[PDB]
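First the structure, in the form of structure tokens, and then the observations on it.
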Amino acid sequence: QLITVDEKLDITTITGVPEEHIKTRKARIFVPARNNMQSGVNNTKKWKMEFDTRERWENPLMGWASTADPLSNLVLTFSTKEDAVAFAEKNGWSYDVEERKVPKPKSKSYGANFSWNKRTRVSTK
Amino acid sequence: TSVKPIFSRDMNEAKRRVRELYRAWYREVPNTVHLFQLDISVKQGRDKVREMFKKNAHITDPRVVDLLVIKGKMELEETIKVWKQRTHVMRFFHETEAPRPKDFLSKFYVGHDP
Amino acid sequence: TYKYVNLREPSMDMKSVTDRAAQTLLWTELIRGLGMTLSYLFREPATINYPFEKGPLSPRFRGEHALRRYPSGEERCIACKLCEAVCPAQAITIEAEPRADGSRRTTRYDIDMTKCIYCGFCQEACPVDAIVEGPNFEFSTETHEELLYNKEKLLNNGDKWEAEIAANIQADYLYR
Amino acid sequence: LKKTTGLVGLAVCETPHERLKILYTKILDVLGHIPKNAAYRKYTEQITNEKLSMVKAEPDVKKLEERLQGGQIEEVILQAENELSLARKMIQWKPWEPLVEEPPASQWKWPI
Amino acid sequence: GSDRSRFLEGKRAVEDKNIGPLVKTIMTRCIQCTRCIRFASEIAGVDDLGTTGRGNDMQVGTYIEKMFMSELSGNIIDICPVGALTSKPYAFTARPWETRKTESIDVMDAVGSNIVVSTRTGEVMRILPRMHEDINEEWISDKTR
Amino acid sequence: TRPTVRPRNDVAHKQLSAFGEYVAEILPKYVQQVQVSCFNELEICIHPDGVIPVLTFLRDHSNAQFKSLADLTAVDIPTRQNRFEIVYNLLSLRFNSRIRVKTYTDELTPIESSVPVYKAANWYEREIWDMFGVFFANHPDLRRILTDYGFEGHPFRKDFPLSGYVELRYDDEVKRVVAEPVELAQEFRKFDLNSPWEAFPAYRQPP
Amino acid sequence: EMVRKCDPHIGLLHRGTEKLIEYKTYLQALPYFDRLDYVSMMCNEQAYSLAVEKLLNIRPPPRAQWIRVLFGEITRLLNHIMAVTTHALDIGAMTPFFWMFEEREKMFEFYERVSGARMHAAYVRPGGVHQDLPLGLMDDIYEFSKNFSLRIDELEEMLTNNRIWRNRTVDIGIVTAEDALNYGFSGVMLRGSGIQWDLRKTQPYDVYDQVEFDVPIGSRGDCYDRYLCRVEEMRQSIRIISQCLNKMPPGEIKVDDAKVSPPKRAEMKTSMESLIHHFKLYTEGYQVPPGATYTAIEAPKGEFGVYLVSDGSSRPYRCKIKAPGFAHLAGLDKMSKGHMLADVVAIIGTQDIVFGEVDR
Amino acid sequence: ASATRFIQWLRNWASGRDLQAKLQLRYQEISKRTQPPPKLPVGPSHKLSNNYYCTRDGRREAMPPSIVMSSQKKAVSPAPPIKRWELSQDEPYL
Amino acid sequence: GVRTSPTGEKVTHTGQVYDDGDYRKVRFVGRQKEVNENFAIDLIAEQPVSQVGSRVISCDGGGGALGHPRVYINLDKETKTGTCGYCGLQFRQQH
Amino acid sequence: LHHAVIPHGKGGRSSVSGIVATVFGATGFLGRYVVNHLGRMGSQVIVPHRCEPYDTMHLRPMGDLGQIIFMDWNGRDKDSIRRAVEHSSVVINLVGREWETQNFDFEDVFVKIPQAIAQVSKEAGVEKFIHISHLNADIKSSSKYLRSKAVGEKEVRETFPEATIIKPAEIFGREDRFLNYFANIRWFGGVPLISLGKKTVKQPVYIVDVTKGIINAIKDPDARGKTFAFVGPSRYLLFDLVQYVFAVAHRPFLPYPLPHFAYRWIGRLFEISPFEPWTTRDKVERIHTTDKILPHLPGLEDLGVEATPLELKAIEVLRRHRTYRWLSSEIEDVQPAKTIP
Ligand SMILES: CCCCCCCCCCCCCCCCCC(=O)OC[C@H](COP(=O)(O)OCCN)OC(=O)CCCCCCCCCCCCCCCCC
Ligand SMILES: NC(=O)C1=CN([C@@H]2O[C@H](COP(=O)(O)OP(=O)(O)OC[C@H]3O[C@@H](n4cnc5c(N)ncnc54)[C@H](OP(=O)(O)O)[C@@H]3O)[C@@H](O)[C@H]2O)C=CC1
Ligand code: SF4
Ligand code: SF4
Ligand code: SF4
Ligand code: SF4
Ligand SMILES: [K+]
Ligand SMILES: [Zn+2]
């Protein structure tokens, strides 16, 4: 048989995460921008959750980039904005959500290149 | 809001389990100090036990409470059977960790962490 | 098909029952086992006289890393970072920039030899045979820091071992 | 009679035909308490009758194992015991009832 | 594409062209897509780029020795699908897979161009545009870049 | 006749499809989905309430006889409201076949222990509890099995960082091993490897 | 000294292999499998390679498949020597360990000559093998094989009919066939109790359906019968190796599909397509179509499986590793009932445990 | 290989075997450490025509799983029962 | 070439050298600083330019499959030489 | 600040504290705690050592890779000293013996060596200099140890006027020669004390308190040119303190008076040892010297350190001196010794 639990899901005390990395962190929920160096759009399909960037410093011995931030590389993939927000609520993280940016539909016309009287006429092919 | 329970139907049953676990831990501290040969006193051990219970005093979900009690009991079984070592028992006391400031100005001087 | 390893019915004739009685009382099967260790006493042992004698290796052996040059003395490495990308252990760290001439060359090339698994993926990934695992396996050190190789150490390894390395690549490159 | 079944812990049955008739009959009686249209009843009655026909038709134990095609005859008896235990549990579970609950919208959608 | 080659001849090799300190041109990599020509004419309003010759020898460039130094010139690096036009300041310093992308805002003007800051091991490596239809579309100025 | 392409086995695909719906016909109260992969593996997706009925049927039924629990594990998919998927891989020696049974749960909902069906499940369920935090009800002895004593968290969760939150060293002042917040002399370098061009049209999802 | 309860506390060698694999491409994750059952390295590689090949829907070429079976059986010899001699060593018979690790030393030379590494070869990969056999290697394997059966006989002369060895092993750790199945046992832990199961016969992979061999079967389900099964399995491995040497076909050694297997170095340095495909395979790696498979093999220690989940990209989403020793060790408490302290030593050895795969 | 006759007889007698014919130490029977260069064959896709990759593309032939039942007559088994194994004619009993 | 900083520390081929007051040079006290003395930038500049009688030449670095990927170089400009982007060998067109 | 010494990280092992410390006498009782604390936060530590490298092995795990650097040095050679300090921002001197040897005497180790380190450090431009003196330093003291401390402390002050001089009482801790010294008297049966130890008052201080005081003095800019007295929170009669030691160790306590001349005669007897003496005449005097009260000087509280009571840490030191019968006894079994308000 089932019971009624009338609370918002909250699992921060059973996840093992240290206090510091629950309430000082800022999650960002966004759809990654297309890498403008390429035309492919397959990396703009899913929602991502990432946390705020913290200090990286130079190792004295070798000069490598050191970190004391356990969440520096943590990136989560979600199907929808709602799924990402629900995951952040129940984990106690403060988050900022950013609307998905879809390219606008463009009116393309090859024949515009040869206009009789418009400025769209091209001077070279 | 209808969900499958773990052990407790409601928060009053859950708090009964929480009180029972607190008694088991309270009784155990004198033995743990003896078996593991700790240089802390029994009061210190019991104060630490109390501290760990109070960090979770704000839970209102019986399923979450049921899990904390479940984890607390495994934690206790590790101690009684001496599966833990002295190092594991003393990790609760963070002896080698320096105190991190909580005020704004002290954080400001050391670095960028909020 | 299968076979039975231990499904025997022993003979119960008097001869077979006495042969087992003699075995039990006279320990015949225990004496047979002494003969086998006696026969090894008089065999020549398999020990080699290290470090005067060495265990056989092949040209493919994966040992200490080295950075190689062209015959002219130019570095082969072009800072493409394919070795860094494929490294299963993330043991390679690279920085690069245009040299004083226009050349594409590294300014940092580190291998953490205590992260490395000596898997050889880096030399497989390299398009110009710049990074190789050499034949040297006798480079244990007294300190940890001595195993964090920077670009100077690796170029020295290549200059130190090129004569052997080039001959080993010559023997194996047609299998690659 | 065989000396051994070859499987450790599985004893040789003196009377395999009699044991198999008893167990299949018990299974069929237990199936009679399941609802008539339950698929478990229909399929299990079907296969149980088929094995029971082989047990009656073939008196030679070696030849019977050839028909049943389920290992040693002692493995067949053990399997009939397992089925009989399952039938009793199925009565209390009642898995012929409709689905208890649909999963969430895209619980089984892979990749996400 | 296919996984192998059946081309058994020698390749074309083109000479390189100086168009200023911001864009490096390794024109043997050019695939004659004319994206740079169309961007230079339509977006930057500069008719300096074109094609010369014809056939397999058709070459993208300026014919004469000329600099392409529009305030929007750095965007031909992005649209060029190959390494024919690359960033001189960025040359050889990083590979794409190893950079962490921070989505940020430009502050070199009041337009508010959306950018991606590419960092690696705690160092800023380059600036790229971030599409925003109502601000910078997918371009940035050279000062921003 | 295509040297590099894996051959199909449509006989095994046909057989597994028939059995898959046979299981769906007998256990309609629990079975939510049945599928057969192109490399011929059968998966039964069930309601978590049916773990014991379904596994017991597969083990004991004369046309199933999945007497061996090959593997029992969990997968974490954070985008799902029931983030944990529990996967049972069973083998039937009698019919030389394998079957996969899958269910789901979240961080707070218990799953029935299948030790009564397969004694092999005892340690597999402790591992799932240890690495994912899924609780198995009526387990004879549920406790950590792989992580250090007193370890906090469930490392195989996708939101648990690769290097964890604490590291160990020996401290001379206290004359013991101590745990302290993790600092890395070299941070693990995250790589962005996914190409922005779609590779497999057959799996494209509607926009 | 009577054992009342065995409570194995493992995880002392847990290294989060399965979490690390999620940050690796499929090629980058392969060396992790060398380091699981680190006595059967190439067998672990093959299990992973089969699973990835299955998700890719490609097929390795026949020569690679034959090399895989050959070095799979060579690997079985390496494992069974270690399993039997360390088991004998624990029971107090130390001498056979030395005689047989000189044979193991000769088999690392075969590993080193094909891969350049004695142990963690990383030689078997999805699509085939990394490199072709060096010339003159099959001659040397044949020379090694022609004498090994005599070495097995010397082992048997020390143990098989030794009344002390039999006292330590006969009727120790008896497991019934029914219990072995329900407890998740596999391999010799099943066949010791009479169960007739061997994935090379029932669910063959690569070219195992083209070699003739016999599966040894025990009758009493104890340590002694499992010891005999492992010894006889070594003879069957020599029987298979003999067929692999005579039946080795010509041809290529990795799938001639450069979107999965990297091109030859000469082509990478000449062809534009080959250079591109080399570049991408060694940075991004090949993408695997979305799916999930449980793939298993008859590893020397039993059934070794991988549940490999792909999400369509070049990095696995989940990789659960099924180690036979995990199930077997969980049954240690069951098998030790009524036995003394020194029998638990024998029972641990008969299970043939390596904690790399148990703990991962 | 250098053992004298008497020691060869002694250790052969002790072990019950002829050890000299199957010596465990390697001598001149093993391969030379310098070998002639190989010339390895090429795979079946090395063709200049009739070799379009779309006709030999294993990955792109993999399909999503076939849904048998979604929650949106004779009984069967997963496969036919396994045929019984046969005793080896090589050596049924060890 | 290997210069020595006014402190005396050798400068590497990457131009690295600890400045005065950089404590990190303490790591070389009682030991040494590893510096490769064969500067590739100097060695490549000692190779003579190769005269060829064509507009385009190919370079694979020498040694066939042991060199680098084969690239083709354009030699149309007469104000400079054609350099290999892999190995740095220089080519010039013979009239 | 030079860019390489700007602090970074979160004060852990892999962080950069910005401290480049040369610690002389790091291989001793105090040195291992100082090096440990410096290493914890990511300091660069130079450890010039006279001893054989096996005896520095316990220091190596205290720092991240490359943070602990070992040099050879000789107290009588200034080239060796100058090589070890010329790259440092703080020099810490912990050199000292509790006994004299054929090669070094109290003047050598407590005057000549500290003065040479201070002299060379000043010439090398080292900015911070911390020198460990002694609470009971006095030119009128019976013990040459304390007389030499007074001379060296003065000498260091002129040579390096910005030096922070620290004057601890007896330091108790696991490797101390104080609580362990008293507990090891059990091997002789009874415990001899001059005038039964009723005419001596000690104020022993905890090793970790002293270490934290030294660390906090490096960072604090107020500590320059200052002199601190590091004392524990309570004062005890020597008889009660030694009685407390035997109560915690559960060893029978049989004190008996022994006159100074007779007990000074026992000290010379033990001085014959060519190795480390169990006791010396100097040690006998120092043990029985009442610990001075110096209100004018700042103490541990002026460096943000709470002096740890003896009662909270004696069991940490003395548990190993118990027999098996009493090993498990807990910290609450023994009543605290009488203090002196
Ligand atoms: C005319 C009238 C005359 C009257 C007298 C006539 C009587 C003559 C015949 C009497 C029998 C002679 C042998 C008696 C010796 C003891 C034999 C014995 O007890 O051995 C059997 C013993 C039991 O082992 P097991 O087979 O497992 O159990 C049997 C059933 N329960 O198994 C064992 O003991 C095995 C011991 C294992 C450890 C052996 C390790 C050393 C083996 C090599 C030793 C070689 C002996 C060299 C002796 C040196 C002499 C100084
Ligand atoms: N109760 C106490 O411990 C008190 C201590 N102090 C002072 O604190 C400082 C350290 O105390 P502690 O650590 O107990 O002293 P230790 O004797 O424990 O260690 C002394 C250190 O000085 C070094 N040293 C001694 N003589 C020489 C020498 N001739 N040449 C070179 N190095 C030498 C030793 O190195 P090696 O191991 O190589 O000999 C060792 O590292 C000393 O100055 C001491 O007087 C002050 C008040 C009380
Ligand atoms: S051998 Fe393997 S682990 Fe080592 S540097 Fe090369 S790729 Fe990395
Ligand atoms: S060593 Fe080779 S693979 Fe690595 S960066 Fe240099 S050229 Fe590229
Ligand atoms: S955009 Fe690049 S590839 Fe296209 S024409 Fe211009 S230079 Fe050539
Ligand atoms: S990276 Fe692209 S543009 Fe550059 S050489 Fe390769 S295929 Fe051509
Ligand atoms: K471009
Ligand atoms: Zn070149």
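Chain G is numbered as in Swiss-Prot; shown residues: 104-463, in order.
Positions of Cβ are set from backbone N, Cα and C atoms, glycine also.
What Swiss-Prot annotates here:
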- G:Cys326, G:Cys332, G:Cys347: [4Fe-4S] cluster binding site (BINDING)
- G:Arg118: symmetric dimethylarginine (MOD_RES)
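Features per Swiss-Prot, on structure.
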residue  : record                        : Cβ within 10 Å
G:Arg118 : symmetric dimethylarginine    : 14
G:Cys326 : [4Fe-4S] cluster binding site : 28
G:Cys332 : [4Fe-4S] cluster binding site : 23
G:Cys347 : [4Fe-4S] cluster binding site : 23
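Spatial neighbours are here defined as Cα atoms within 10 angstroms of one another, and by that definition G:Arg118 (symmetric dimethylarginine) has no neighbours among the binding-site residues G:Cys326, G:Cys332, G:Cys347.
Chain C lies within reach of G:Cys332, taking the recorded positions G:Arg118, G:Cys326, G:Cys332 and requiring a CB-CB distance under 8 A. Among the recorded positions G:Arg118, G:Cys332, G:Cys347, none has a Cβ sitting under 8 Å from a Cβ of chain E. Contact with chain A, taken as any Cβ pair under 8 Å, is found for none of the recorded positions G:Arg118, G:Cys326, G:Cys332, G:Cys347. DSSP assigns G:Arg118 (symmetric dimethylarginine) to coil, not to a helix or a strand.
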